[PDB]
Amino acid sequence: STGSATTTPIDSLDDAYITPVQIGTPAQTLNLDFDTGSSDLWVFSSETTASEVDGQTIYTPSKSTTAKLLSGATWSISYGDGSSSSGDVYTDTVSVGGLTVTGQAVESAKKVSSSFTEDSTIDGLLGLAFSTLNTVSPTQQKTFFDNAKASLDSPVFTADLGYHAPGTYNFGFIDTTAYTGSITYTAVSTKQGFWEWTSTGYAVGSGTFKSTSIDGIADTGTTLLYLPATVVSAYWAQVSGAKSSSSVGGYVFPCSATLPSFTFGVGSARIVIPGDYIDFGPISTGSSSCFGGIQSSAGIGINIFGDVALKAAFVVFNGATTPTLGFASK
Ligand SMILES: C[C@@H](C(=O)O)N(C)C(=O)OCc1ccccc1
Ligand code: NA
């Protein structure tokens with residue numbers, strides 16, 4: 001089997017991407033944030049505290065003929081940005097882009113933090129990291145990908161995120177029309193439960209490539225590119241008037257600037273992030289200070305190849321017995 005679903009930016013900045021997901025019988029379609037940096041599939045629901053719901057579509061298990069309470073199971077998750085959610089668990093039928101899993105754990109939120117409530121466009125998360133990170137207790141649950149894997153034509157999924165445009169998540173096949181040149185594959189460590197890999201270095205604009213190992217995660221659920229302070233300083237030093245602000249919490253720069261590209265290494269290959277991808281617009285409405293898309297990973301404890309980096313590539317998440325990542329230009 002295979003599946004193929006379109007993923008759409010939630011706003012004009014590509015702050016996140018949403019993908020429609022069918023849950024239950026008859027189908028209830030929710031727009032979920034596919035997150036390769038976490039391992040829970042959780043939704044706004046009929047159980048979510050009413051004051052914490054503001055415009056999201058909810059899953060109502062009592063209206064699904066295939067929903068079953070997973071008796072005694074609870075979940076609670078905290079993300080890198082400080083946001084959180086928790087609740088109880090149902091099993092139900094879940095379909096993505098025509099690929100169906102029966103018996104998927106659907107984590108129903110009883111509580112969500114303010115950042116979720118305030119984002120009316122995201123109805124929940126679908127985690128695509130390794131199932132070792134799933135938070136369900138006392139019986140840990142599998143991700144949608146892990147439950148689908150054995151049925152897929154090939155044990156893979158691909159992320160093809162758009163810049164200010166829709167893109168695609170495919171399951172079970174690699175669309176050879178969706179990228180240019182060849183795919184370069186690189187080793188993955190599952191020791192922390194992430195799609196963790198080592199980039200071979202970077203370049204700023206038309207500058208020389210610096211060969212250096214950068215260990216980080218491929219995380220579709222993180223907006224920006226978080227790299228070591230040395231690398232980030234070298235990037236922003238090429239933009240006149242750019243500076244790290246604490247008041248803002250990151251590098252800002254003149255909205256009048258033209259940003260340089262940023263290149264990262266995948267083995268001997270190179271992925272180029274155009275400068276425009278690094279512009280996250282005014283810090284506040286009407287400001288002439290703009291927020292940068294490359295930021296320091298200092299204090300976060302890991303480097304994160306978030307959407308800024310991933311959207312410049314066709315990315316293959318290879319869940320074979322020894323997982324790997326692949327990257328192609330597009
Ligand atoms: C041969 C290798 C390399 O860069 O040395 N290469 C081109 C390559 O794609 O390696 C992919 C891979 C990594 C880990 C386990 C299996 C496969
Ligand atoms: Na922000």
Side-chain angles (χ1 to χ4, degrees), residues 9-11 13-18 30-45 47-56 74-88 107-109 112-130 132-137 143 192-196 216-229 232 244-252 278 280-285 287 289-310:
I10 65 166
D11 64 23
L13 294 181
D14 298 347
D15 281 318
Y17 298 78
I18 50 172
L30 274 66
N31 296 328
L32 305 188
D33 185 351
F34 283 23
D35 181 11
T36 64
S38 69
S39 306
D40 287 50
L41 191 176
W42 72 258
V43 295
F44 281 78
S45 75
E47 300 180 331
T48 309
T49 301
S51 60
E52 296 181 350
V53 181
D54 188 6
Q56 295 82 10
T74 61
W75 63 280
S76 183
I77 194 161
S78 304
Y79 295 104
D81 68 345
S83 66
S84 63
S85 55
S86 63
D88 62 10
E107 302 172 34
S108 168
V112 302
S113 64
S114 62
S115 287
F116 290 114
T117 300
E118 290 164 0
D119 186 359
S120 66
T121 69
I122 291 175
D123 303 324
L125 267 67
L126 188 149
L128 292 169
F130 291 88
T132 58
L133 296 179
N134 176 268
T135 78
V136 178
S137 174
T143 72
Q192 298 190 91
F194 299 122
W195 289 97
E196 187 169 8
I217 66 166
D219 185 1
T220 59
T222 292
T223 315
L224 305 186
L225 174 54
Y226 294 89
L227 291 174
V232 173
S244 192
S245 167
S246 41
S247 38
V248 173
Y251 287 83
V252 296
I278 299 163
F280 279 77
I283 59 172
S284 295
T285 308
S287 179
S289 185
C290 275
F291 197 69
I294 296 178
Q295 294 298 346
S296 179
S297 63
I300 303 172
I302 202 155
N303 300 306
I304 306 173
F305 293 87
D307 299 334
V308 164
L310 303 180

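Counting begins at 1 with the first residue of the sequence. The figures here come from the full heavy-atom set of this structure, side chains too, leaving out hydrogens, waters and symmetry mates.
- For the pair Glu196 (side chain) and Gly193 (backbone), a donor-acceptor distance under 3.5 Å is absent.
- Looking at heavy atoms from C-beta onward, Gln56 lies out of side-chain contact with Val43 at the 4.5 angstrom threshold.
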> Going through the distances and angles, do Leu310 and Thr220 end up as a side-chain contact (heavy atoms from CB on, under 4.5 Å)?
Replying inline: CA-CA 7 Å; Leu310 303 180; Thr220 59; 3.7 Å; yes
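- Between the side chain of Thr48 and the main chain of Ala109, a donor-acceptor pair closer than 3.5 Å is present.
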>> Quick one, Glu52 with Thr117, criterion side chain to side chain donor-acceptor pair (under 3.5 Å). Give me CA distance, side-chain angles, the key distance, then yes/no.
In response: CA-CA 5 Å; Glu52 296 181 350; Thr117 300; 5.5 Å; no
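- Between the side chains of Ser287 and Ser289, no donor-acceptor pair is found at a separation under 3.5 Å.
- In this structure the side chain of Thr121 never reaches within 4.5 angstrom of the side chain of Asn31, judged on heavy atoms.
- For the pair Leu125/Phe34, no side-chain contact is recorded, criterion being any heavy-atom separation below 4.5 Å from C-beta on.
- Interatomic distance, CZ of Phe44 versus CG of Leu32, reported as 11.0 Å (0.5 Å rounding).
- By the 4.5 Å heavy-atom criterion applied to side chains, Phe291 and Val248 are counted as neighbours.
- Heavy atoms only, all atoms of each residue included: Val252 and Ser245 are closest at CG2-CB, 4.2 Å.
- The OG atom of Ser115 lies 6.0 Å from the CG atom of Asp81; values are rounded to the nearest 0.5 Å.
- At a threshold of 4.5 Å between non-hydrogen side-chain atoms, the residues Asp219 and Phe194 do not count as touching.
- Pairing each heavy atom of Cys290 with each of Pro282, the nearest pair is SG-N, 3.6 Å.
- Going from atom CG of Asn134 over to atom OG of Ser137 covers 10.0 Å, rounded to the nearest 0.5 Å.
- Annotation: side chain of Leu41 is not in contact with side chain of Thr143 (no heavy-atom distance under 4.5 Å).
- In this structure, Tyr226 and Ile294 have side chains that are not in contact, with every pair of non-hydrogen atoms separated by 4.5 Å or more.
- Listed here is the closest heavy atom pair of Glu107 and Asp40: OE1-OD2, 2.5 Å.
- Between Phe130 and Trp195, the two ring planes are tilted [angle within 30° to 60°].
- Minimum interatomic distance between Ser39 and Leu133 (heavy atoms only, all atoms of both residues): OG-CB, 3.6 Å.
- One side chain, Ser45 or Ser108, offers a donor N or O that lies under 3.5 Å from an acceptor on the other.
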> Checking side-chain contact (heavy atoms from CB on, under 4.5 Å) for the pair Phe305/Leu227: CA distance, chi angles, key distance, verdict?
Replying inline: CA-CA 8 Å; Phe305 293 87; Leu227 291 174; 4.0 Å; yes
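- The CD1 atom of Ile304 sits 8.0 Å away from atom OG of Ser297, with the distance rounded to the nearest 0.5 Å.
- Minimum interatomic distance between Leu225 and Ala309 (heavy atoms only, all atoms of both residues): CD1-CB, 4.1 Å.
- Smallest separation of non-hydrogen atoms from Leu224 and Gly293: CB-O, 3.5 Å.
- Interatomic distance, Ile18 CD1 to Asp33 CG, rounded to the nearest 0.5 Å: 9.0 Å.
- Between atom CG of residue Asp88 and atom CH2 of residue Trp75 there is a gap of 9.0 Å, rounded to the nearest 0.5 Å.
- Two residues are said to be in side-chain contact when any heavy atoms from C-beta on lie closer than 4.5 Å; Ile278 and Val308 meet this criterion.
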>> Set out, in order, the CA-CA distance, both residues' side-chain angles and the distance that settles side-chain contact (heavy atoms from CB on, under 4.5 Å) for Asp307 and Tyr17, then state yes or no.
In response: CA-CA 9 Å; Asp307 299 334; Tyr17 298 78; 3.6 Å; yes
